[PDB]
Amino acid sequence: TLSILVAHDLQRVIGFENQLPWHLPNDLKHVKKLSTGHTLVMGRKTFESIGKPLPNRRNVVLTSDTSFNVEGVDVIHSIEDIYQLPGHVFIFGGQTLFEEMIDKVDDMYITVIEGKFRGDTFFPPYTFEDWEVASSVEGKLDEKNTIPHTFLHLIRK
Ligand SMILES: NC(=O)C1=CN([C@@H]2O[C@H](COP(=O)(O)OP(=O)(O)OC[C@H]3O[C@@H](n4cnc5c(N)ncnc54)[C@H](OP(=O)(O)O)[C@@H]3O)[C@@H](O)[C@H]2O)C=CC1
Ligand SMILES: CCc1nc(N)nc(N)c1C#CCc1cc(-c2ccccc2)ccc1OC
């Protein structure tokens, strides 16, 4: 199963200056609950923003740099390599990888941030004619999670 894992705002902003424009623990909980014990495929630039690999999951980084070597990280150099990965594979970002993979994924796990932030990286546009809403769940708001958000699970028609 090949799925996109993304969090974008009302205008599909995903990042600003190599990082997330918001901190939302509920979305992090959503990521860990969903990707733990599976595989994350991310672009090279996104990994450098994180620094370390994420624990309890297989971390794959896509890069043209063949000399790439980081502790506890598997390396791939082509978009084709993704299909030769066992189990549930999550496309983790960022922009350029989302742009390439949107047309190829079966599945899509989107956290819609119900706001408008300043950003320089975006998620590709998508119509609901191509995607059916498998589930739409509102996020609960506490003192630590003050930005309204909706968890969407989208499956390709
Ligand atoms: N809100 C969210 O869900 C997320 C947001 N983001 C945000 O997005 C931004 C990152 O976007 P972006 O700058 O596009 O970063 P990316 O991680 O998507 O960059 C991808 C990089 O990997 C390499 N690469 C990508 N595709 C290929 C390919 N097909 N073949 C060979 N190499 C490839 C390229 O560099 P090279 O080959 O030279 O190494 C490229 O620069 C950040 O600002 C971040 O904050 C990121 C993830 C999630
Ligand atoms: C965590 C939001 C996020 N949510 C969703 N629904 N999909 C995603 N693909 C990402 C993402 C990302 C990429 C990303 C993640 C973390 C992070 C922070 C704390 C703990 C674990 C990871 C830090 C920087 C970063 O790049 C800027």
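Cut-off values and rules
- Residues numbered from 1 in each chain as written, not as in the entry; some residues may be left out.
- Chains lettered and ligands numbered in written order.
- Heavy atoms only, no water.
- Near = heavy atom within 4 Å.
- Polar contact = N/O pair within 3.5 Å; in protein donor to acceptor, adjacent residues only side chain to side chain.
- 1 Å grid on protein atoms, 1.4 Å probe; cavity = no way out; pocket = protein on both sides within 12 Å on 5 of 7 lines; lining within 4 Å.
- Sits in = over half its atoms within 2 Å of the grid points.
- Helix = DSSP H or I, 4+ residues; strand = E, 2+ residues; numbered from the N terminus.
- Points joined across faces, edges and corners; volume = space filled by probe spheres on them.
- Nonpolar A, V, L, I, M, F, W, Y, C, P; charged D, E, K, R; others polar.
- UniProt positions renumbered as here; feature names shortened; annotations may be inferred.
- Buried < 20%, exposed > 50% of the residue type's maximum accessible area, 1.4 Å probe, protein only.
- Areas by Shrake-Rupley, 256 points an atom, 1.4 Å probe, with all protein chains shown as cover.

- For this coordinate set, the PDB header names X-ray crystallography as the determination method and states a resolution of 2.9990 Å.

## With respect to the site of ligand 1
Thought 1: The full set close to ligand 1 counts 23 residues, and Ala7, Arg44, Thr46, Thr63 and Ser64 are the nearest of them.
Thought 2: Here an oxygen atom of ligand 1 sits 3.3 Å away from a polar atom, N or O, in the main chain of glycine 43.
Thought 3: Here an oxygen atom of ligand 1 and a backbone polar atom of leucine 62 are 3.2 Å apart.
Thought 4: Of all the cavities here, the one that holds ligand 1 is the largest pocket.
Thought 5: Going through the elements one at a time, β1 (2–9), β2 (13–15), α2 (44–50), β6 (89–93) and α3 (95–101) are the ones with two or more residues in the shell around ligand 1.

## Looking at the layout of surface pockets
Leftover empty space is mapped by rolling, across the atoms, a probe with the size of a water molecule.
Thought 1: The calculated volume of the largest pocket comes to roughly 1,200 Å³.
Thought 2: Lining of the largest pocket is provided by 41 residues; of these, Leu20, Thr46, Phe92, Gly93 and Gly94 occupy positions nearest its centre.
Thought 3: Of the residues that constitute the lining of the largest pocket, the class distribution is 17 nonpolar, 16 polar and eight charged.

## Structural notes on the UniProt feature "binding site: substrate" in the protein
Thought 1: The residues that UniProt annotates with the feature "binding site: substrate" are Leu5, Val6, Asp27, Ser49, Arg57 and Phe92. Considered against the largest pocket, the annotated residues that line it turn out to be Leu5, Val6, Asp27, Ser49, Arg57 and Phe92.
Thought 2: Note on placement: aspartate 27 falls in helix α1 (residues 25–35).
Thought 3: On the basis of relative accessible area, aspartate 27 is assigned to the buried category, the value being 11%.
Thought 4: Tracing the backbone shows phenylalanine 92 in strand β6.

## So, the site of ligand 2
Thought 1: The local shell around ligand 2 holds 14 residues, among which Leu5, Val6, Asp27, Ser49 and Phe92 are the closest.
Thought 2: In the model, a nitrogen atom of ligand 2 is placed 3.2 Å from a nitrogen or oxygen of the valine 6 main chain.
Thought 3: Protein contact buries 79% of the 580 Å² of open area that ligand 2 shows by itself.
Thought 4: In this structure the site holding ligand 2 corresponds to the largest pocket.
Thought 5: Broken down by secondary-structure element, the contributors of at least two residues to the shell around ligand 2 are β1, α1 and α2.

## Comments concerning unusual backbone geometry
Thought 1: Cis peptide bonds are those with omega within 30 degrees of zero, and the linkage from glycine 93 to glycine 94 qualifies with 0°.
Thought 2: In this fold, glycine 94 is placed in the loop between β6 and α3.
Thought 3: Even without being a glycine, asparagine 18 presents a positive backbone phi close to 60°.
Thought 4: Position of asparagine 18 among the secondary structure elements: in the loop between β2 and α1.

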